[PDB]
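The sequence shown begins at 1 in the entry's author numbering and counts up one residue at a time. See below for the structure under consideration.
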Amino acid sequence: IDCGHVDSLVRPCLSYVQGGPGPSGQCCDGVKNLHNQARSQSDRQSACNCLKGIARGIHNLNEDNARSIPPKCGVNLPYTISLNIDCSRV
Ligand SMILES: CCCCCCCCCCCCCC(=O)OC[C@@H](O)COP(=O)(O)OCC[N+](C)(C)C
Ligand SMILES: CCCCCCCCCCCCCC(=O)OC[C@@H](O)COP(=O)(O)OCC[N+](C)(C)C
Numbered sequence: 001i002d003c004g005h006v007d008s009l010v011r012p013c014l015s016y017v018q019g020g021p022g023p024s025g026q027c028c029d030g031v032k033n034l035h036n037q038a039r040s041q042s043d044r045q046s047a048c049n050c051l052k053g054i055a056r057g058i059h060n061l062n063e064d065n066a067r068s069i070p071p072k073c074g075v076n077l078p079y080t081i082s083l084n085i086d087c088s089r090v
C-alpha cells in the first residue's frame, strides 16, 4: 500500500496524538477505512511500516493517546499497538 495514501487517511488524528481532545470522527473514519483496505498480509505489513514511519516523525507524539485510537474508535484488533510493534506479524 502507498504511504502517501495511508498518511491521508490518518492525517485527521494528528491533533489527538499530540495530546489534544479526541479522537475525532474524521480520525476514526480514516482508521476504519485503512482497516477496510489493508487486507492482505502484504498490505497490513506495508501499512504497518508506513504508520510506524509516520509516527516517528511526529513531534511530541503521545503514544498513550495513539495506542487508544483503535479501541476508542471501535476498531477491534487482536493485539495492542505501540511504536515497537513487529510489522511482520500484523
Ligand atoms: C489501524 C491502526 C491505527 C494506528 C493509529 C495511527 C496513529 C498516528 C497517526 C498520525 C497522523 C498524523 C501525521 C501527519 O500527517 O503528520 C502531521 C505533521 O504536521 C507532522 O509533522 P512532520 O510530518 O514531521 O512535518 C515536519 C514538521 N516540521 C517542519 C515542523 C519539523
Ligand atoms: C502507537 C504508536 C504509533 C505506531 C503505529 C503503529 C501501528 C501499526 C498498526 C498496523 C495495523 C495493520 C493494519 C490492519 O488494519 O490490520 C488489522 C489486522 O491486523 C487485524 O484484523 P484480523 O483479520 O483480525 O487479523 C488477524 C489475521 N487474520 C487475517 C489471518 C485473521
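All C-beta atoms, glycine included, are put in the ideal place defined by N, C-alpha and C.
Selection from the options that minimises the alpha carbon distance to residue i
i, options, result
"residue 73", "24, 5, 9", "24"
"residue 77", "26, 6, 12, 32", "32"
"residue 16", "35, 86, 65, 26", "65"
"residue 69", "3, 12, 8", "12"
Rounded straight-line distance, which links the Cα of residue j to that of residue i
i, j, result
"residue 30", "residue 89", "22 Å"
"residue 19", "residue 86", "25 Å"
"residue 54", "residue 7", "7 Å"
Any non-hydrogen atom of ligand 2 closer than 7 Å to residue i Cβ
i, result
"residue 67", "yes"
"residue 44", "yes"
"residue 71", "no"
"residue 32", "no"
Closer than 7 Å: residue i CB and nearest ligand 1 heavy atom
i, result
"residue 89", "no"
"residue 39", "no"
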